[PDB]
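Examining the three-dimensional arrangement
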Amino acid sequence: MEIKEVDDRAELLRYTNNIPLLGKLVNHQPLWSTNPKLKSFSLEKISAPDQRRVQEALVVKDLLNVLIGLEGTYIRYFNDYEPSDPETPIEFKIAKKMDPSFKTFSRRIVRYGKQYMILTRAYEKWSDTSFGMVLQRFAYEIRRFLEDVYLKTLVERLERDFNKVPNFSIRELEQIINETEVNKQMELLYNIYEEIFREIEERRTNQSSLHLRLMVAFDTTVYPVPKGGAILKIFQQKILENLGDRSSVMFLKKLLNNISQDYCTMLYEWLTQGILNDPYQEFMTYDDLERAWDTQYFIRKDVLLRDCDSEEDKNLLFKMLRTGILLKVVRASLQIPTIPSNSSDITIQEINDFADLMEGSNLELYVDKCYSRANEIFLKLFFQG
Amino acid sequence: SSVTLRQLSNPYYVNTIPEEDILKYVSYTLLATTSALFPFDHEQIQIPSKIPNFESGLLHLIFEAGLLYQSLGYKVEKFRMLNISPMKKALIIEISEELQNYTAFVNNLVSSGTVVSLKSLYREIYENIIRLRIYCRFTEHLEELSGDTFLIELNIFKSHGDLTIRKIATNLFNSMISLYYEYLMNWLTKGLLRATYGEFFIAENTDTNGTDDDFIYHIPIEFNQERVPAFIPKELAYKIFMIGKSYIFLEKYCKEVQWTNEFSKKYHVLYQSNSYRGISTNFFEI
């Protein structure tokens, strides 16, 4: 109701070389929490117990605000927050002077908002090229979960009810949040993000022929950030950890299917043409030329789906490498960049449901069917041609 | 107590604008058009008093779109009056089409009248916010550098894990590589170097050391190894350079007019028939 004569102005930001590709380019709003404007009212004037409903009505406004990531009037940002800081933490004060109905349940929603903020910033932080494609594709998915499920449901529905329903209740607020089960989904994304951060901090922390006749050697090197094999391992681990929640299972399955489309394209294309095309250097192995006769190949163990410690996963990996090399030499000798489909009888398909293939009992079946294809065509090559 | 809570709350806030008129003003300004509450000074917005912090932040979030619109408009108006590379105006025309599409989408939203509150406007355009944002970030240095720099950058971006960035980069890349395909055709079919303005890796050398090295002992065409974009294999680049030098050598001194012309027309048809593949294996075969 008052005026604080604050020059609130909107203008784009001057610096461009430190804000990621999707980073927002508008100046941050003016800091009500320390630079107040136009009202500083303490509800102690209206802290009468009968006014309790009236009080929460005001409260409702502010809470219906924070969930979109913008702080409410009767919510102050903590002295820690600094808008020019991209990595500042998220914490903020709400007055205990009101009835607990103000404060108790609100803590649940604001956490949502807290994570709603970090995800958004993550939605930006992972947009950089050096983070490889998988998270980058993952970036897309997180955005959708906000602008098609969180907002279009919650914001639309909540505003409609607060404008139409006679005295909509915060209890009904919780009931409609969970009746659309969004919170659990958002929590799954949250915890996956926490594990990603854990792996990043681990890698930022500690910087420091006999039988199969393969002309191969390990290249064990660590990069500051996790890559696709790590991410897929992670999703497998989480789905394993939460067997039983049918909705959780279906959601995570859709995630796995959605993220690795062209990754599966790359793997299938290599197993059926021996051609490796990884402009981000995320695939399992990589070639020389960092003449093409000693085509020595190296394992980047840091991106493999398995510890490759026992005999069976080593067997799988080595069959993979051999199959690729065989098809590659076939192409090199016949002077054709592509292998026609109808050269043989064993026909192979793409990994249309990577979710179950990752579990086991089908991974090796696919691998050794491709191995059979490779052996038959290769032997026909050096026996007839 | 069968009453409306927002009605229980609104007259408590006495000195603020009816949110309906807030919508009224935001719809005009969304295209960075000044009006009663928000006079753009062509560079910023003055948000007046009687506006809660909430409304200020949301107006920040929304008006990002108008700021981007104005900046991109300045870019477009600034370059349509200049003399620059053809790929540059390829970027200009694509950005202009994007701006027109944004105009159409915004005014269609205004006409159909599905806007009811600020957050609705937020969710409706957030995608177009991102689209404008990416379009802005991709051209931060249009004024200084050359196009083939952008060709390489866009080629790299074609594999970006984002679907939206996928589509945008592919479109821009396709248009410029069609024009660059025209450059390559011109070199392979006539051996000229006209109107390339330093975006092509095969250069002509007018030099004074050895004043007769354009008369007898030399052919002043030069392959600069470092200037080949990543979508062309190096050995095929050598092949291309030798093809052009071959054509020059036959035409200028050998005088193989009939053979060179018939060969040229045949291969002219052969490439011009495949322009819809761009850069691909078939082209390498020819």
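Described in the following lines is the structure provided in the data block. (Residues numbered from 1 in each chain as written, not as in the entry; some residues may be left out. Chains lettered and ligands numbered in written order. Part of a larger assembly, values for the part shown. Heavy atoms only, no water.)

1. Considerations on the overall build of chain A
Along the backbone of chain A there are 12 helices and six strands. Whereas a compact globule of 385 residues would reach a radius of gyration of roughly 21 Å, chain A reaches 28 Å, over 25% beyond that. Of all 385 residues assigned to chain A, the portion counted as buried reaches 45%. Taken as a whole, chain A presents about 22200 Å² of accessible surface, with 54% of it coming from carbon and sulfur. The centroid of the 52 positive side-chain charges in chain A is displaced by 4 Å from the centroid of its 59 negative side-chain charges. (Helix = DSSP H or I, 4+ residues; strand = E, 2+ residues; numbered from the N terminus. Rg over C-alpha atoms; globule rule 2.2 N^0.38 Å. Buried < 20%, exposed > 50% of the residue type's maximum accessible area, 1.4 Å probe, protein only. Areas by Shrake-Rupley, 256 points an atom, 1.4 Å probe, with all protein chains shown as cover. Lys, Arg positive; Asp, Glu negative; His and termini not counted. Charge placed at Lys NZ, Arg CZ, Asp CG, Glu CD.)

2. Points about the overall build of chain B
Scanning chain B for helices and strands turns up 10 helices and three strands. Ordered by position from N to C terminus, the α and β elements of chain B give α-α-β-α-α-α-α-α-β-β-α-α-α. The proportion of buried residues among the 286 residues of chain B is 43%. The contacts of chain B with a sequence gap of at least 6 include a subset with a gap of at least 24, amounting to 60%. Accessible surface, chain B: about 15700 Å² in total, of which carbon and sulfur atoms supply 54%. With 27 positive and 33 negative side-chain charges, chain B shows a spacing of 5 Å between the two charge centroids. (Contact = heavy atoms within 4.5 Å.)

3. Section: the interface of chain B and chain A
Each partner contributes residues to the interface: chain B has 51 residues there, and chain A has 63 residues. Together chain B and chain A conceal approximately 5300 Å² of surface at their shared face, both sides included; 60% is due to carbon and sulfur atoms. Connecting chain B to chain A are four salt bridges. At the junction of chain B and chain A, the tally comes to 18 residue pairs in polar contact. Going through the elements one at a time, α1 (5-9), β1 (45-47), α3 (53-79), α5 (118-138), α6 (147-157) and α7 (163-190) of chain B are the ones with two or more residues in the side of chain B that touches chain A. Here the side of chain B that touches chain A gets 10 residues from one element, more than from any other, and that element is α5 of chain B. Looking at side-chain class alone, the side of chain B that touches chain A contains 22 nonpolar, 17 polar and 12 charged residues. Sheet topology note: the strand β1 (residues 8-10) of chain A/β1 of chain B ladder contains three bridges and is antiparallel. Among the inter-strand pairings, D8 of chain A is bridged to a residue of β1 of chain B, identified as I47 of chain B. (Buried area = accessible area lost by both parts, 1.4 Å probe. Salt bridge = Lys/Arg side-chain N within 4 Å of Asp/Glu carboxyl O. Polar contact = N/O pair within 3.5 Å; in protein donor to acceptor, adjacent residues only side chain to side chain. Nonpolar A, V, L, I, M, F, W, Y, C, P; charged D, E, K, R; others polar. Pairing = 2+ DSSP bridges.)

4. Quick word on the layout of surface pockets
Here the second largest pocket is characterised by a volume of approximately 1300 Å³. If you go around the second largest pocket, you meet 45 residues; those closest to its centre are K24, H28, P83, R121 and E124 of chain A. Mapped onto the lining of the second largest pocket, the elements with two or more residues apiece are α3 (106-125) and α4 (133-164) of chain A together with α3 and α5 of chain B. It is α3 of chain A that provides the largest number of residues to the lining of the second largest pocket, a total of seven residues. Residues of the lining of the second largest pocket, tallied by class, amount to 23 nonpolar, 11 polar and 11 charged. (1 Å grid on protein atoms, 1.4 Å probe; cavity = no way out; pocket = protein on both sides within 12 Å on 5 of 7 lines; lining within 4 Å. Points joined across faces, edges and corners; volume = space filled by probe spheres on them.)

5. Focus: a nonpolar patch on the surface
Residue and element names in this part refer to chain A. A contiguous nonpolar patch, built from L379, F382 and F383 and spanning about 380 Å² of accessible area, is present on the exposed surface. Note on placement: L379 falls in helix α12 (residues 363-383). Classification of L379 by relative accessible area gives partly exposed; the value is 44%. (Patch = residues over 30% accessible without salt bridge, like charges linked within 9 Å, V, L, I, M, F, W, Y side chains within 5 Å.)

6. Description of the packing of aromatic side chains
By the definition in use, this model includes 33 aromatic pairs over all chains. Measuring from centroid to centroid gives 6.2 Å for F283 of chain B and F284 of chain B, while their planes differ by 45°, and the two rings are tilted. Among the residues examined, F283 of chain B registers a relative accessible area of 11% and is labelled buried. With a relative accessible area of 32%, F284 of chain B lands in the partly exposed category. The structure contains a cluster of three or more aromatic residues connected by ring pairs, namely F173, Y180, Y183, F200, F201, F223, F231 and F241 of chain B. Just above the ring of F105 of chain A sits the side chain of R108 of chain A; from NZ or CZ to the centre is 5.6 Å. (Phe/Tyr/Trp six-rings, centres within 6.5 Å; stacked < 30°, edge-to-face > 60°. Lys NZ or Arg CZ within 6 Å of the ring centre and 35° of its normal.)

7. A look at the sheet that holds strand β4 (residues 216-218) of chain A
Residue and element names in this part refer to chain A. Overall, mixed pairing links the three strands, which are arranged β4-β6-β5 in an open sheet. The two strands at the open ends of the sheet, each matched to only one other strand, are β4 and β5 (285-286). Alignment of β5 against strand β6 (residues 297-299), held across two bridges, turns out to be antiparallel. Paired with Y286 across the strands is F298, a residue of β6. Its contacts with the sheet put helix α10 (residues 311-334) on β4, β5 and β6, and the angle it makes with β6 is roughly 155°. (Axes fitted to C-alpha atoms, helices over the stretch in contact; angles between N-to-C directions.)

8. Description of empty space enclosed by the protein
Residue and element names in this part refer to chain A. Estimates place the volume of the largest cavity at around 450 Å³. As for the largest cavity, its lining consists of 23 residues, of which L267, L304, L305, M320 and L363 are closest to the centre. Breaking the lining of the largest cavity down by element, the ones donating at least two residues are α9 (261-273), α10, α11 (354-359) and α12. At five residues, α10 tops the list of elements feeding residues into the lining of the largest cavity.

9. Describing the packing of helix α7 (residues 228-241) of chain A against helix α8 (residues 246-259) of chain A
Residues and elements named next belong to chain A. Packing of α7 against α8 leaves a shortest axis separation of 11 Å and a crossing angle of 165°. Judged on the interaxial angle alone, α8 and α7 are roughly antiparallel. Considering only the axes of α7 and α8, their crossing is left-handed. Touching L232, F235 and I239 of α7 are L252, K253, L256 and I259, all from α8. (Parallel < 35°, antiparallel > 145°, perpendicular 65-115°, else oblique. Left-handed = near helix turned anticlockwise from the far one by under 90°.)

10. Focus: the pattern of salt bridges
One pass over the structure, following the stated rule, counts 25 salt bridges over all chains. Residues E159 of chain A and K119 of chain B are paired through a salt bridge, measuring 3.3 Å at the closest nitrogen-oxygen approach. Note that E159 of chain A is positioned in helix α4 and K119 of chain B in helix α5, a pairing that runs across two chains. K119 of chain B sits in the buried class, given a relative accessible area of 7%. Connected via shared salt-bridge partners are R144, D148 and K152 of chain A.

11. Quick notes on α3 of chain B
Residue and element names in this part refer to chain B. Between its first and last C-alpha, α3 extends 38 Å over 27 residues, near the 39 Å set by a 1.5 Å rise per residue. Largest kink in α3: about 35°, centred on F63. Among the 27 residues in α3, 21 count as buried, and that is most of the element. (Expected span 1.5 Å × (residues − 1). Bend = angle between axes of the 7 residues up to and from the residue.)

12. Some details on the packing of α4 of chain A against α5 of chain B
Between α4 of chain A and α5 of chain B, the shortest axis-to-axis distance is 9 Å and the interhelical angle comes to 165°. The pairing of α4 of chain A with α5 of chain B is recorded here as roughly antiparallel in orientation. Both α4 of chain A and α5 of chain B take part in a crossing whose hand is left-handed. Facing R143, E147, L151, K152, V155, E156 and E159 of chain A of α4 of chain A, the residues of α5 of chain B in contact are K119, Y122, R123, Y126, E127 and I130 of chain B. When its residues are assigned to classes, the contact of α4 of chain A with α5 of chain B shows five nonpolar, no polar and eight charged.

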